[PDB]
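Below is one structure, written out as structure tokens, with a few remarks after it.
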Amino acid sequence: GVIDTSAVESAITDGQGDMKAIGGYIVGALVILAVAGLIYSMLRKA
Amino acid sequence: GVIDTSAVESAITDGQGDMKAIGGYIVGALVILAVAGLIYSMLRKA
Amino acid sequence: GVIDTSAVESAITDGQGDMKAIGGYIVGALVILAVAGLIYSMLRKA
Amino acid sequence: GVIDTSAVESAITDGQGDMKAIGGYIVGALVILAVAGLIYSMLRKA
Amino acid sequence: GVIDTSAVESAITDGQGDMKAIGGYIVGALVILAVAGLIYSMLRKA
Amino acid sequence: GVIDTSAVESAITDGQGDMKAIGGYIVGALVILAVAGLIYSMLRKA
Amino acid sequence: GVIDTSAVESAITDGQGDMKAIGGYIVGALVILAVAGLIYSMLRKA
Amino acid sequence: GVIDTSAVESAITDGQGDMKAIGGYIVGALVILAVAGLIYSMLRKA
Amino acid sequence: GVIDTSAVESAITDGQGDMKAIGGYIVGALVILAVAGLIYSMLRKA
Amino acid sequence: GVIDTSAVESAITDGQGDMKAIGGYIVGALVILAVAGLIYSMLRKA
Amino acid sequence: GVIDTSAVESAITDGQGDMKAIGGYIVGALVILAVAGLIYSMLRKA
């Protein structure tokens, strides 16, 4: 009495495979405040 | 005065056996926001 | 003893094809709070 | 078997077009603590 | 074989026309926590 | 096909009128750390 | 062809009259974290 | 059409009456870092 | 040509009289999450 | 008139027994930001 | 003109007596996310 859910994991693996990209997209943005967060602190210290 | 419901559990066990797959399919997607949820928090903290 | 359900999938494929548009319509709105969510955090940090 | 979703993107583009204004409205407020954040630091240093 | 649904859109346009008011009613309330959200931050900073 | 929303703005104007009070209530508290924030700094300087 | 809804507003006015009490009951609780929220900040500042 | 909310304020007044105790409990702890915060500063100054 | 409905309101007044009890039974349960909802917030704040 | 729910607790005890593992899996990850959270603070202090 | 419903409550009391077990079965599972919900918060705080 099945119903074909073959399209389901075919849909979501494109979804969950996409989520690593937009995961990796933000990490390249957060390090900008990381590096600039403390080279400010050098110039304040000296 | 029976009516043969042998096809019924033969239908649903394929159903309820299938539901663990699509259950397990989503868990591989939710951990992506779990791991990326807090390695963001490292770079914000430092 | 059939009944013609050819109009059914002809109806829903226009439906489920439409749902990606309004799916894609909201993603262009949610990134506005994403980008503005952390360029606030730059100006707070400095 | 369509349903007219022409009003939808007509609604949200006014929404997502509005969100840049209130995005731009806050940036004019956050720079006030940015500039006053460090001209305090001049008078403390001297 | 019609049934007169002229009263329907006559009913809902008064509804959907009303929803912009109570939409606009809350926006005048949310900006109170917006402006007071950061003039707190001035007095904390100095 | 109206529904009487006269009670709505009658409710919220009492709300948004109240929010200036509790807005003004906190400003009288934040200046205490403002004035005492720097008369400490006089006694440290001398 | 009426149906007597005199019991209705007789029921809800006791309801909406009650809701101001439990409205006023919580405000006496939220000010406890308000006052203690910043007398902590005095002792941290000095 | 009432529902007896006499137990409500009977519950919360024990709550909001309790919150002054745990409010007053922490103030006896914060003054320890207040007094020891500056008798350190005497011994550093001399 | 009557039919004796004297048993009807004799039945329902026991019903609607009972519904205030089970109405009042739940209110004694909901205040438990009300009081414990914010004495958590004291200990988080300090 | 029973229905055999022996498979139920047999299912969930494997579930709730599993949840301690993935509970314990994350604690080994959160201590990494705990220890590195303050050995940063040593090198900043000296 | 009775019909023997003695088997009915004999059936359901085994049912409603069973429902406390599977009620009590889940509570032993929900506390796992309760305790691990906040010992995460200790390690984040320090």
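All residue names refer to the structure tokens as shown: chains lettered A, B, ... in order, residues numbered from 1 in each chain, ligands numbered from 1 in order.
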
Transformed chain D, reference chain K, in-order C-alpha pairing, as an mmCIF file with C-alpha atoms, in the first residue's frame:
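File written: selection.cif
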```
data_model
loop_
_atom_site.group_PDB
_atom_site.id
_atom_site.type_symbol
_atom_site.label_atom_id
_atom_site.label_comp_id
_atom_site.auth_asym_id
_atom_site.auth_seq_id
_atom_site.Cartn_x
_atom_site.Cartn_y
_atom_site.Cartn_z
ATOM 1 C CA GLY D 1 -34.326 -4.724 28.362
ATOM 2 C CA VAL D 2 -30.675 -4.589 29.348
ATOM 3 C CA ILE D 3 -27.540 -5.412 27.395
ATOM 4 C CA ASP D 4 -24.575 -6.504 29.491
ATOM 5 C CA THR D 5 -21.925 -3.786 29.418
ATOM 6 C CA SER D 6 -19.913 -5.396 32.210
ATOM 7 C CA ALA D 7 -17.137 -6.113 29.712
ATOM 8 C CA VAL D 8 -16.881 -2.400 28.896
ATOM 9 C CA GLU D 9 -15.456 -0.934 32.091
ATOM 10 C CA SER D 10 -13.526 -4.169 32.466
ATOM 11 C CA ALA D 11 -11.952 -3.270 29.135
ATOM 12 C CA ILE D 12 -11.354 0.440 29.679
ATOM 13 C CA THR D 13 -9.938 0.248 33.212
ATOM 14 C CA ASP D 14 -7.155 -1.835 31.791
ATOM 15 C CA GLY D 15 -6.906 0.901 29.177
ATOM 16 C CA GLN D 16 -6.940 3.936 31.468
ATOM 17 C CA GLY D 17 -4.767 2.065 33.944
ATOM 18 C CA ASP D 18 -2.284 1.481 31.145
ATOM 19 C CA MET D 19 -2.223 5.139 30.146
ATOM 20 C CA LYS D 20 -0.466 6.167 33.355
ATOM 21 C CA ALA D 21 2.441 3.892 32.461
ATOM 22 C CA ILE D 22 3.032 5.401 29.025
ATOM 23 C CA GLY D 23 2.341 8.719 30.687
ATOM 24 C CA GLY D 24 5.099 7.965 33.178
ATOM 25 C CA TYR D 25 7.287 6.536 30.450
ATOM 26 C CA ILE D 26 7.710 9.852 28.658
ATOM 27 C CA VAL D 27 8.435 11.928 31.774
ATOM 28 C CA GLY D 28 11.592 9.893 32.301
ATOM 29 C CA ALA D 29 12.598 10.963 28.801
ATOM 30 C CA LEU D 30 11.766 14.671 28.985
ATOM 31 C CA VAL D 31 13.942 15.329 32.026
ATOM 32 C CA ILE D 32 17.006 14.384 30.001
ATOM 33 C CA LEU D 33 16.672 17.530 27.940
ATOM 34 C CA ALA D 34 15.804 19.409 31.118
ATOM 35 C CA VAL D 35 19.011 18.635 33.008
ATOM 36 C CA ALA D 36 21.216 18.793 29.939
ATOM 37 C CA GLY D 37 19.401 21.974 28.933
ATOM 38 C CA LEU D 38 21.169 24.062 31.556
ATOM 39 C CA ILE D 39 24.436 22.328 32.362
ATOM 40 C CA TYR D 40 25.202 23.482 28.858
ATOM 41 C CA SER D 41 24.459 26.959 30.186
ATOM 42 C CA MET D 42 27.010 26.662 32.988
ATOM 43 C CA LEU D 43 29.849 25.921 30.589
ATOM 44 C CA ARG D 44 28.755 28.737 28.310
ATOM 45 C CA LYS D 45 28.646 31.186 31.205
ATOM 46 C CA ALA D 46 32.111 30.510 32.602
#
```
